[PDB]
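Read the structure below first, then the notes.
Protein chains: 2
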Amino acid sequence: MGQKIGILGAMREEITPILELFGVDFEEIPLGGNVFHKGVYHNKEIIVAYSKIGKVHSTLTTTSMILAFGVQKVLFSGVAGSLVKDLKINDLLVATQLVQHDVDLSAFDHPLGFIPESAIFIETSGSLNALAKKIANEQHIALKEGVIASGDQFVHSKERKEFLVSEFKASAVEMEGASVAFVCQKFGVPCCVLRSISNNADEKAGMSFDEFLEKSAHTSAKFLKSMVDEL
Amino acid sequence: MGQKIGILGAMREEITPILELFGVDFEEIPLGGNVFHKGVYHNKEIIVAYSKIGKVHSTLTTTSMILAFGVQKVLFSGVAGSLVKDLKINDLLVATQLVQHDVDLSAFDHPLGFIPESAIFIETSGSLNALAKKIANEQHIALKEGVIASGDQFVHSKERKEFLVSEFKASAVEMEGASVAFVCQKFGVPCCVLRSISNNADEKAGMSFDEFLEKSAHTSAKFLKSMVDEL
Ligand SMILES: CSC[C@H]1O[C@@H](n2cnc3c(N)ncnc32)[C@H](O)[C@@H]1O
Ligand SMILES: CSC[C@H]1O[C@@H](n2cnc3c(N)ncnc32)[C@H](O)[C@@H]1O
Ligand SMILES: [Cl-]
Ligand SMILES: [Cl-]
Numbered sequence: 000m001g002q003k004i005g006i007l008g009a010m011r012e013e014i015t016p017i018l019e020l021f022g023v024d025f026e027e028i029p030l031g032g033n034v035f036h037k038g039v040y041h042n043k044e045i046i047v048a049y050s051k052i053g054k055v056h057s058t059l060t061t062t063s064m065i066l067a068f069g070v071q072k073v074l075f076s077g078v079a080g081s082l083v084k085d086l087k088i089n090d091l092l093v094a095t096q097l098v099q100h101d102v103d104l105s106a107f108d109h110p111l112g113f114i115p116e117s118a119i120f121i122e123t124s125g126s127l128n129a130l131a132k133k134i135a136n137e138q139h140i141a142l143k144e145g146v147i148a149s150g151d152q153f154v155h156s157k158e159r160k161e162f163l164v165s166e167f168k169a170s171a172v173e174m175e176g177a178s179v180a181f182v183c184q185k186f187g188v189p190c191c192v193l194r195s196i197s198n199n200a201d202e203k204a205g206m207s208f209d210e211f212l213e214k215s216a217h218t219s220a221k222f223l224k225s226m227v228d229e230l
Numbered sequence: 000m001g002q003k004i005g006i007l008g009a010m011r012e013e014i015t016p017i018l019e020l021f022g023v024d025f026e027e028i029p030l031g032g033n034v035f036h037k038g039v040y041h042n043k044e045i046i047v048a049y050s051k052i053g054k055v056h057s058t059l060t061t062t063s064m065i066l067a068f069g070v071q072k073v074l075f076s077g078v079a080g081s082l083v084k085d086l087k088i089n090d091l092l093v094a095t096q097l098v099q100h101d102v103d104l105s106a107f108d109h110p111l112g113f114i115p116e117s118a119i120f121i122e123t124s125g126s127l128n129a130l131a132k133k134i135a136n137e138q139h140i141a142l143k144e145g146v147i148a149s150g151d152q153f154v155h156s157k158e159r160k161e162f163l164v165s166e167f168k169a170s171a172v173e174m175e176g177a178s179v180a181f182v183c184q185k186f187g188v189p190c191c192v193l194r195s196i197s198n199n200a201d202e203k204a205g206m207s208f209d210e211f212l213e214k215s216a217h218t219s220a221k222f223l224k225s226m227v228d229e230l
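Taken in sequence, the protein lines are chains A and A'. A prime marks a further copy of an entry chain. Just so we're aligned, residue 0 is where the first sequence starts under the deposited numbering, counting upward by one. Just so we're aligned, residue 0 is where the second sequence starts under the deposited numbering, counting upward by one.
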């Protein structure tokens, strides 16, 4: 068999299209408040789950995937807010690096985003990111590669957008990527974080998020499936 | 044998006294960027580790303790900032409930601290908290029981203190308790979060934190050991 693959979203809406697109029989397995969908696709075991929103939920679920299910790589798929003009609604990006943008130990003179015995930026798989870019090029679709900023707040203001761009040079904002990628690094598991834009993280981001959740989630899911087809 | 006990701190300084106080032989076992210290004490297996600071670190470590080591209860020991006049430097409290004070999905009209498919407050073990209070009473020391607010920022301002008190009626602030307790709840593992005050979470909190880390960490550790002696 091929290498077992964990596939993660944050919300049920992000994994519904994934389950449908793979089209195989899934066994549901409950663990730690999550439901894991276990199946076989192209001679690979795939484990699919949504974590629920935010850093704690996604850290927990990723750790479970690795420790309880023994996944050998993790692909994350979902929606995000754009911080750059060139990332429009529905556009895709993969995270070259991620940061926890809400971490603040500045009282001890640490840079924002930094925690002792850790680092500001978290790395992802160069191999998976390069695969993503090749697939995008062949499909003739755009694919940005940049920094994704993750925190436990839904960002919907110009001020916070300006901070994320100025402090971290982030291209997009969401609430799970950094934690998923962090856990994968700690366990030596290759990770790719893929996001489709559904809003511009500004004052109207809530309405845009609602309008485009279904389409953006499907866009990311379809692309994730195209990556698995090449693995 | 008795029930296996996980013992957690956030920083090395918080677990050093724990290891010394138990005084038994520990085997060091690395996993996921953490070092777990495994030993036997009063016919109980104890697993001791520091998570590193913050929600992601502590979520990861707690999940590892439960999934990889199969602990049957988790006791957390460490230092915190006071939000109430009656909690002075060195004073102890146990968390009756915890909240993630930096969670903000208000763009979707959710209450602060709330995430869909979750809850604002996380519960802890009534049994362990009651044990703590009995021990405190017998030792003739004060022990507060209240809400602990956890977030990924070191709090050092009157404005943020006022928010924590007004929004959550929190008694103390720290950066790991809510995540540890959250993971324990998801896995059905009893949890007690114990903290000793080392600062007042105000403009001078950084200096106070440094001055009292050693003493406050030891105060919490000694009390945690006294609980284990009754288990
Ligand atoms: C309902 S909370 C937003 C959910 O969508 C993602 N997301 C999309 N746009 C944004 C944004 N503007 N700010 C934060 N997270 C975002 C986050 O990862 C989370 O799972
Ligand atoms: C060095 S970051 C502070 C460490 O001590 C705890 N802590 C103590 N006082 C405070 C405070 N004022 N604000 C946040 N965390 C605190 C947090 O849980 C963390 O592990
Ligand atoms: Cl905002
Ligand atoms: Cl503050």
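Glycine residues also receive a C-beta, built at the ideal position from the N, C-alpha and C atoms.
Taking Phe181(A') as the query, report the chain A residues whose CB atoms sit under 7 Å from its CB, ordered along the chain. What you label residue 181(A') is simply residue 182 of the second sequence in a count that begins at 1. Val55, listed in chain order.
Chain A partners of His41(A'), CB-CB under 9 Å? Sequence index remark: in the second sequence, residue 41(A') carries index 42 (1-based). Residues of chain A passing the Cβ test: none, with the nearest at roughly 28 Å.
Between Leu163(A), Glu12(A), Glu26(A) and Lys72(A), which has its C-alpha nearest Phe186(A)'s C-alpha? Translated into positions along the first sequence, residue 186(A) becomes position 187. Of the candidates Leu163(A), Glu12(A), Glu26(A) and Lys72(A), the one whose C-alpha sits nearest the C-alpha of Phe186(A) is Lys72(A).
Could you work out which residues of chain A lie near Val98(A'), taking near to mean beta carbons separated by less than 9 Å? The residue labelled residue 98(A') in the question sits at position 99 within the second sequence. Residues of chain A passing the Cβ test: none, with the nearest at roughly 12 Å.
Can you give me the C-alpha to C-alpha distance between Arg159(A) and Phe21(A'), rounded to a whole angstrom? Locating residue 159(A) in the first sequence gives position 160, where the first residue counts as 1. Locating residue 21(A') in the second sequence gives position 22, where the first residue counts as 1. Distance between the alpha carbons of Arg159(A) and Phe21(A') is about 47 Å.
Which class does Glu27(A') belong to by DSSP, given the choice of helix, strand or coil? For this step, residue 27(A') is matched to residue 28 along the second sequence. Three-state DSSP puts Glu27(A') in a strand.
With H, G and I counted as helix, E and B as strand and the rest as coil, what does DSSP make of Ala118(A)? Taking the first sequence and counting its residues from 1, the one referred to as residue 118(A) is at position 119. Coil, per DSSP.
Taking DSSP as the reference, what is the three-state secondary structure of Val78(A')? The count along the second sequence starts at 1 and reaches residue 78(A') at position 79. Here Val78(A') sits in strand by DSSP.
Since I believe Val182(A') is in contact with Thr62(A') (beta carbons under 8 Å), could you give me their beta-carbon distance rounded to a whole number of angstroms? Working through the second sequence from its first residue, we reach residue 62(A') at position 63. Working through the second sequence from its first residue, we reach residue 182(A') at position 183. Right, the Cβ-Cβ distance comes to about 5 Å (below 8 Å), so this counts as a contact.
Determine the burial state of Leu86(A'): buried for a count of at least 16 other Cβ atoms within 10 Å of its Cβ, exposed for fewer. Counting from one through the second sequence, the residue named residue 86(A') turns up at place 87. Around the beta-carbon of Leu86(A'), 16 or more other beta-carbon atoms lie within 10 Å, marking it buried.
Got a sec, what are the start and stop residues for the alpha helix (DSSP H) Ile65(A) sits in? Along the first sequence, one-based indexing puts residue 65(A) at 66. Where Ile65(A) is concerned, the enclosing alpha helix (DSSP H) stretches over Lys54 to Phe68.
How about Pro115(A): is its C-beta nearer than 8 Å to some C-beta of chain A'? The sequence position of residue 115(A) within the first sequence is 116, counting from 1. Chain A', which has a Cβ nearer than 8 Å to the Cβ of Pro115(A), makes this yes.
Local Cβ density within 10 Å of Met64(A), reported as buried at 16 or more and exposed below that: For the purposes of this step, residue 64(A) is taken as the residue at position 65 of the first sequence. Under this definition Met64(A) is a buried residue.
Any heavy atom of ligand 4 closer than 7 Å to the CB of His100(A')? Mapped onto the second sequence, residue 100(A') falls at position 101. For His100(A'), the shortest C-beta to heavy atom distance toward ligand 4 is 7 Å or greater.
Would you tell me roughly how many angstroms separate the C-alpha atoms of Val164(A) and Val154(A'), rounded to the nearest one? By one-based count along the first sequence, residue 164(A) stands at place 165. By one-based count along the second sequence, residue 154(A') stands at place 155. About 24 Å.
I want to see whether chain A' comes within less than 8 Å of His36(A), judged by CB atoms only; does it? Here residue 36(A) refers to the residue found at position 37 of the first sequence. Between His36(A) and chain A', the shortest Cβ-Cβ separation is not below 8 Å.
What is the rounded straight-line gap between the Cα of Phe222(A) and the Cα of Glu13(A)? Indexing the first sequence from 1 puts residue 222(A) at position 223. Indexing the first sequence from 1 puts residue 13(A) at position 14. Computed Cα separation, rounded: 12 Å.
Limits of the alpha helix (DSSP H) - the one that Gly32(A) falls within: As a first step, residue 32(A) must be located in the first sequence, where it is residue number 33. For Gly32(A), there is no enclosing alpha helix (DSSP H), as DSSP gives it neither H nor E.
Between which two residues does the beta strand (DSSP E) carrying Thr95(A) extend? What you label residue 95(A) is simply residue 96 of the first sequence in a count that begins at 1. From DSSP, the beta strand (DSSP E) with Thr95(A) extends over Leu91 to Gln99.
Does ligand 1 have a heavy atom nearer than 7 Å to the CB of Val172(A)? Along the first sequence, read from residue 1 onward, the residue named residue 172(A) stands at position 173. Yes, the beta carbon of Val172(A) sits closer than 7 Å to at least one heavy atom of ligand 1.
Tell me, please, whether the region 186-196 of chain A touches the region 119-127 of chain A by the rule of three or more beta-carbon pairs shorter than 8 Å. Touching, yes, given that three or more Cβ pairs across the two stretches are closer than 8 Å.
Tell me, which residues are paired with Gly125(A) by DSSP? Residue 125(A) sits at position 126 when you count from the first residue of the first sequence. Assignment of beta-bridge partners to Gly125(A) by DSSP yields no partner.
Three-state secondary structure (DSSP) at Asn136(A)? If you number the first sequence from 1, residue 136(A) lands on position 137. Of the three classes helix, strand and coil, the one that applies to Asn136(A) here is helix, per DSSP.
Taking a cut of 7 Å between CB atoms, which residues from the region 188-216 of chain A lie near chain A'? If the cut-off is 7 Å between Cβ atoms, the region 188-216 of chain A has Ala204 and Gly205 near chain A'.
Would DSSP call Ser156(A) helix, strand or coil? The residue you call residue 156(A) lines up with position 157 of the first sequence. The DSSP-derived three-state label of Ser156(A) is coil.
Candidates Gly32(A), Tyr40(A) and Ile140(A), of which the one nearest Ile52(A) by Cα: As a first step, residue 52(A) is located in the first sequence; it is residue number 53 there, counting from the start. Here the closest residue by C-alpha is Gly32(A).
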